Amino acid sequence: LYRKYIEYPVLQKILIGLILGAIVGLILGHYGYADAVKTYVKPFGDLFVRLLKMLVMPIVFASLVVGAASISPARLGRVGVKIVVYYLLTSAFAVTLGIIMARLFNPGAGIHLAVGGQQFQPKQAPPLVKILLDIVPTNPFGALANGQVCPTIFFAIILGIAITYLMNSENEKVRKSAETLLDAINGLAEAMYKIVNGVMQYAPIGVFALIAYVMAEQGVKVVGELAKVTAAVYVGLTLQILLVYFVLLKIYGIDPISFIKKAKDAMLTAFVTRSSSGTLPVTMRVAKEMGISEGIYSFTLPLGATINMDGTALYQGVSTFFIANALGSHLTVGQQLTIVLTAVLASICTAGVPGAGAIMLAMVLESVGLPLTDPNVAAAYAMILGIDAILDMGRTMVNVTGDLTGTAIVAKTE
Ligand SMILES: N[C@@H](CC(=O)O)C(=O)O
């Protein structure tokens, strides 16, 4: 409780809890009595997970309403077309590379990391037609509460475009009312951010508890796959950086070395801060240094940062393959491309704050193939959750660099 605790700024603090916990969990004989560590520690971690889920739902709604309504109807045009194409193609290629890398490493298992035995293939997922139908909400509040992310996305975009056509109308009462509504929702969003900042400080203890249980449960071989898949992701990320950007910058006429030189400044703050939003003003400064047009970067940067996320999509595909191979599941081609589409939609919906990235994974699993209710699935989810902390660090810099690439390419064409 003592203030100095909250005064230590180092995000390295989290890693402290990562290390100190694992050691204790690693010591099976004198400390790692599975039953006692289980009963005592597990709830401290479930508390962190439970708290983490709370942040997700309203942030999506408020951020999308404000951003879409303020940004898109105003500038809507061919610039929007090129940007949308770029973002969607990048998401697709990112998930493609994640799949290819899971094929290359095969990180998931040497022997089934979950106990298997009841790995029997899951209940068949619905065909694509009903998935696409679901994207539109059968009822807004009913689907909002129950626990569905995407239809809230739809409804929010709708409401925002509506308001934006609205405020321009003549009658003053209408303009005033719309303004008040918008401001209220924006205030809600700011509040949720302020809460995120706080939760981050409790996070370390939860990391400590979760990883301690993970280590003490299975012991030595949980770290064999864990690092393997870890590297599988990191390489998969670097490739995305090298091939995608160097090609594009090369094609349109920027020498990539100087580009990354310039970006390193923002990438440092993205990696260590573990958050995408605060970098956005740093991104605007970097663009002003990069030689990019004001209206274009002012339109694109917020919209890209909220909408477009590629590194997280690769992380989700690779984590999905991890789960599948740990459970004792093997994925057919149709299921693979279905994962492609579903992960595209999930990366689109993703929130944009540190931990949220894991949560949307639960969506893809539920949308296709493996349901979450099977205990082995949650068991492996627990293993993922720990390393997610470090993986997010590189995912942040990847996403920011991709958005910068998009804006600089568009501006260079014009
Ligand atoms: N906000 C994270 C992703 C996430 O947590 O969903 C990032 O930018 O890397």
# chains A, B, ... in the order shown; residues from 1 in each chain; ligands from 1

call {"tool": "residues_near_ligand", "arguments": {"ligand": "ligand 1", "cutoff": "10 Å", "atoms": "only C-alpha atoms and all ligand atoms", "output": "PyMOL selection string"}}
result
chain A and resi 56+270-271+274-277+305-306+308-313+315-316+346-347+349-361+388-389+391-400

call {"tool": "residues_around", "arguments": {"residues": "residue 148 of chain A", "least_positions_apart": "5", "cutoff": "10 Å", "atoms": "only C-alpha atoms", "output": "JSON, numbers by chain"}}
result
{"A": [57, 134, 135, 137, 142, 143, 153, 363]}

call {"tool": "closest_residue", "arguments": {"among": "A:189, A:54, A:344, A:111", "to": "residue 221 of chain A", "atoms": "only C-alpha atoms"}}
result
A:111

call {"tool": "closest_residue", "arguments": {"among": "A:93, A:120, A:44, A:155", "to": "residue 324 of chain A", "atoms": "only C-alpha atoms"}}
result
A:120

call {"tool": "residues_around", "arguments": {"residues": "residue 288 of chain A", "least_positions_apart": "6", "cutoff": "10 Å", "atoms": "only C-alpha atoms", "output": "list in words"}}
result
residues 282, 294 and 297 of chain A

call {"tool": "closest_residue", "arguments": {"among": "A:258, A:213, A:87, A:53", "to": "residue 31 of chain A", "atoms": "only C-alpha atoms"}}
result
A:213

call {"tool": "residues_around", "arguments": {"residues": "segment 170-181 of chain A", "least_positions_apart": "3", "cutoff": "12 Å", "atoms": "only C-alpha atoms", "output": "PyMOL selection string"}}
result
chain A and resi 62+65-66+69-70+159-167+184-188

call {"tool": "closest_residue", "arguments": {"among": "A:60, A:229, A:136, A:272", "to": "residue 104 of chain A", "atoms": "only C-alpha atoms"}}
result
A:229

call {"tool": "residues_around", "arguments": {"residues": "residue 98 of chain A", "least_positions_apart": "2", "cutoff": "9 Å", "atoms": "only C-alpha atoms", "output": "JSON, numbers by chain"}}
result
{"A": [93, 94, 95, 96, 100, 101, 102, 103, 232, 233, 236, 237, 313, 314, 315, 316, 317, 318]}

call {"tool": "residues_around", "arguments": {"residues": "residue 413 of chain A", "least_positions_apart": "5", "cutoff": "10 Å", "atoms": "only C-alpha atoms", "output": "list in words"}}
result
residues 252, 253 and 408 of chain A

call {"tool": "closest_residue", "arguments": {"among": "A:2, A:259, A:154, A:321", "to": "residue 68 of chain A", "atoms": "only C-alpha atoms"}}
result
A:154

call {"tool": "select_by_dssp", "arguments": {"residues": "segment 96-307 of chain A", "states": "helix (DSSP H, G or I)", "output": "ChimeraX atom specification"}}
result
/A:96-105,128-134,140-146,150-167,172-218,222-252,256-273,279-290,294-307

call {"tool": "closest_residue", "arguments": {"among": "A:371, A:341, A:52, A:330", "to": "residue 88 of chain A", "atoms": "only C-alpha atoms"}}
result
A:341

call {"tool": "residues_around", "arguments": {"residues": "residue 141 of chain A", "least_positions_apart": "6", "cutoff": "12 Å", "atoms": "only C-alpha atoms", "output": "PyMOL selection string"}}
result
chain A and resi 61+147-149+151-152+155-156

call {"tool": "atom_distance", "arguments": {"atom1": "atom CA of residue 247 of chain A", "atom2": "atom CA of residue 264 of chain A"}}
result
18.6 Å

call {"tool": "decode", "arguments": {"residues": "segment 321-405 of chain A", "atoms": "C-alpha atoms", "output": "PDB file, in the first residue's frame"}}
result
ATOM      1  CA  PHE A 321      -2.695 -22.820 -33.345  1.00  0.00           C
ATOM      2  CA  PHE A 322      -1.044 -23.134 -29.936  1.00  0.00           C
ATOM      3  CA  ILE A 323      -4.371 -24.011 -28.337  1.00  0.00           C
ATOM      4  CA  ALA A 324      -5.278 -26.438 -31.108  1.00  0.00           C
ATOM      5  CA  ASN A 325      -2.035 -28.404 -30.957  1.00  0.00           C
ATOM      6  CA  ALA A 326      -2.004 -28.391 -27.146  1.00  0.00           C
ATOM      7  CA  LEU A 327      -5.518 -29.842 -26.971  1.00  0.00           C
ATOM      8  CA  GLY A 328      -4.843 -32.494 -29.599  1.00  0.00           C
ATOM      9  CA  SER A 329      -6.755 -30.879 -32.457  1.00  0.00           C
ATOM     10  CA  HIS A 330      -5.837 -30.791 -36.148  1.00  0.00           C
ATOM     11  CA  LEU A 331      -7.261 -28.083 -38.400  1.00  0.00           C
ATOM     12  CA  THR A 332      -8.614 -28.656 -41.916  1.00  0.00           C
ATOM     13  CA  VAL A 333      -8.207 -26.198 -44.786  1.00  0.00           C
ATOM     14  CA  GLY A 334     -11.739 -24.832 -44.539  1.00  0.00           C
ATOM     15  CA  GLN A 335     -11.280 -24.288 -40.823  1.00  0.00           C
ATOM     16  CA  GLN A 336      -7.999 -22.502 -41.566  1.00  0.00           C
ATOM     17  CA  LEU A 337      -9.500 -19.988 -43.976  1.00  0.00           C
ATOM     18  CA  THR A 338     -12.455 -19.607 -41.615  1.00  0.00           C
ATOM     19  CA  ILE A 339      -9.906 -18.679 -38.960  1.00  0.00           C
ATOM     20  CA  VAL A 340      -8.475 -16.191 -41.434  1.00  0.00           C
ATOM     21  CA  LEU A 341     -11.806 -14.411 -41.786  1.00  0.00           C
ATOM     22  CA  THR A 342     -12.724 -14.587 -38.115  1.00  0.00           C
ATOM     23  CA  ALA A 343      -9.350 -13.264 -36.977  1.00  0.00           C
ATOM     24  CA  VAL A 344      -9.666 -10.452 -39.505  1.00  0.00           C
ATOM     25  CA  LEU A 345     -12.965  -9.440 -37.922  1.00  0.00           C
ATOM     26  CA  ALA A 346     -11.520  -9.786 -34.415  1.00  0.00           C
ATOM     27  CA  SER A 347      -8.467  -7.656 -35.167  1.00  0.00           C
ATOM     28  CA  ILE A 348     -10.887  -5.079 -36.536  1.00  0.00           C
ATOM     29  CA  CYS A 349     -12.980  -5.114 -33.378  1.00  0.00           C
ATOM     30  CA  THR A 350      -9.989  -5.176 -31.012  1.00  0.00           C
ATOM     31  CA  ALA A 351     -10.092  -2.528 -28.300  1.00  0.00           C
ATOM     32  CA  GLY A 352      -6.697  -0.790 -28.273  1.00  0.00           C
ATOM     33  CA  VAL A 353      -5.529  -1.070 -24.646  1.00  0.00           C
ATOM     34  CA  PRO A 354      -2.815  -3.293 -23.155  1.00  0.00           C
ATOM     35  CA  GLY A 355      -4.402  -6.566 -22.083  1.00  0.00           C
ATOM     36  CA  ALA A 356      -7.543  -6.472 -24.197  1.00  0.00           C
ATOM     37  CA  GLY A 357      -5.793  -8.382 -26.980  1.00  0.00           C
ATOM     38  CA  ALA A 358      -6.221 -11.760 -25.309  1.00  0.00           C
ATOM     39  CA  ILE A 359      -9.950 -11.315 -24.783  1.00  0.00           C
ATOM     40  CA  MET A 360     -10.865 -11.130 -28.459  1.00  0.00           C
ATOM     41  CA  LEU A 361      -9.095 -14.474 -28.888  1.00  0.00           C
ATOM     42  CA  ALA A 362     -11.907 -16.040 -26.872  1.00  0.00           C
ATOM     43  CA  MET A 363     -14.212 -14.736 -29.585  1.00  0.00           C
ATOM     44  CA  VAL A 364     -12.497 -16.529 -32.462  1.00  0.00           C
ATOM     45  CA  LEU A 365     -12.438 -19.800 -30.536  1.00  0.00           C
ATOM     46  CA  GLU A 366     -16.151 -19.389 -29.866  1.00  0.00           C
ATOM     47  CA  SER A 367     -16.887 -18.300 -33.435  1.00  0.00           C
ATOM     48  CA  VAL A 368     -15.121 -21.313 -34.967  1.00  0.00           C
ATOM     49  CA  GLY A 369     -14.157 -24.747 -33.731  1.00  0.00           C
ATOM     50  CA  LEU A 370     -12.978 -25.068 -30.161  1.00  0.00           C
ATOM     51  CA  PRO A 371     -15.474 -23.748 -27.587  1.00  0.00           C
ATOM     52  CA  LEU A 372     -14.205 -22.197 -24.375  1.00  0.00           C
ATOM     53  CA  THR A 373     -16.289 -24.364 -22.021  1.00  0.00           C
ATOM     54  CA  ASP A 374     -14.019 -27.425 -22.318  1.00  0.00           C
ATOM     55  CA  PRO A 375     -11.722 -27.245 -19.246  1.00  0.00           C
ATOM     56  CA  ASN A 376      -8.593 -28.104 -21.242  1.00  0.00           C
ATOM     57  CA  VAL A 377      -9.189 -25.073 -23.453  1.00  0.00           C
ATOM     58  CA  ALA A 378      -9.234 -22.717 -20.473  1.00  0.00           C
ATOM     59  CA  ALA A 379      -6.227 -24.560 -19.059  1.00  0.00           C
ATOM     60  CA  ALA A 380      -4.175 -23.673 -22.129  1.00  0.00           C
ATOM     61  CA  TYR A 381      -5.711 -20.182 -22.149  1.00  0.00           C
ATOM     62  CA  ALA A 382      -4.192 -19.707 -18.707  1.00  0.00           C
ATOM     63  CA  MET A 383      -0.759 -20.574 -20.090  1.00  0.00           C
ATOM     64  CA  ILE A 384      -1.197 -18.090 -22.934  1.00  0.00           C
ATOM     65  CA  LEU A 385      -2.278 -15.279 -20.614  1.00  0.00           C
ATOM     66  CA  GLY A 386       1.105 -15.108 -18.897  1.00  0.00           C
ATOM     67  CA  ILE A 387       3.355 -14.618 -21.922  1.00  0.00           C
ATOM     68  CA  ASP A 388       0.743 -12.333 -23.479  1.00  0.00           C
ATOM     69  CA  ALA A 389       2.326  -9.576 -21.373  1.00  0.00           C
ATOM     70  CA  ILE A 390       5.629  -9.684 -23.241  1.00  0.00           C
ATOM     71  CA  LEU A 391       4.106 -10.447 -26.648  1.00  0.00           C
ATOM     72  CA  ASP A 392       1.960  -7.312 -26.492  1.00  0.00           C
ATOM     73  CA  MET A 393       5.117  -5.192 -26.286  1.00  0.00           C
ATOM     74  CA  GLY A 394       6.219  -6.047 -29.813  1.00  0.00           C
ATOM     75  CA  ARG A 395       2.648  -6.125 -31.093  1.00  0.00           C
ATOM     76  CA  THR A 396       2.303  -2.448 -30.171  1.00  0.00           C
ATOM     77  CA  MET A 397       5.319  -1.280 -32.169  1.00  0.00           C
ATOM     78  CA  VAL A 398       4.239  -3.429 -35.106  1.00  0.00           C
ATOM     79  CA  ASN A 399       0.793  -1.836 -35.186  1.00  0.00           C
ATOM     80  CA  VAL A 400       2.113   1.716 -34.920  1.00  0.00           C
ATOM     81  CA  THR A 401       4.713   1.179 -37.635  1.00  0.00           C
ATOM     82  CA  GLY A 402       2.040  -0.248 -39.928  1.00  0.00           C
ATOM     83  CA  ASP A 403      -0.223   2.758 -39.464  1.00  0.00           C
ATOM     84  CA  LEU A 404       2.677   5.127 -40.148  1.00  0.00           C
ATOM     85  CA  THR A 405       3.511   3.139 -43.275  1.00  0.00           C
TER      86      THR A 405
END
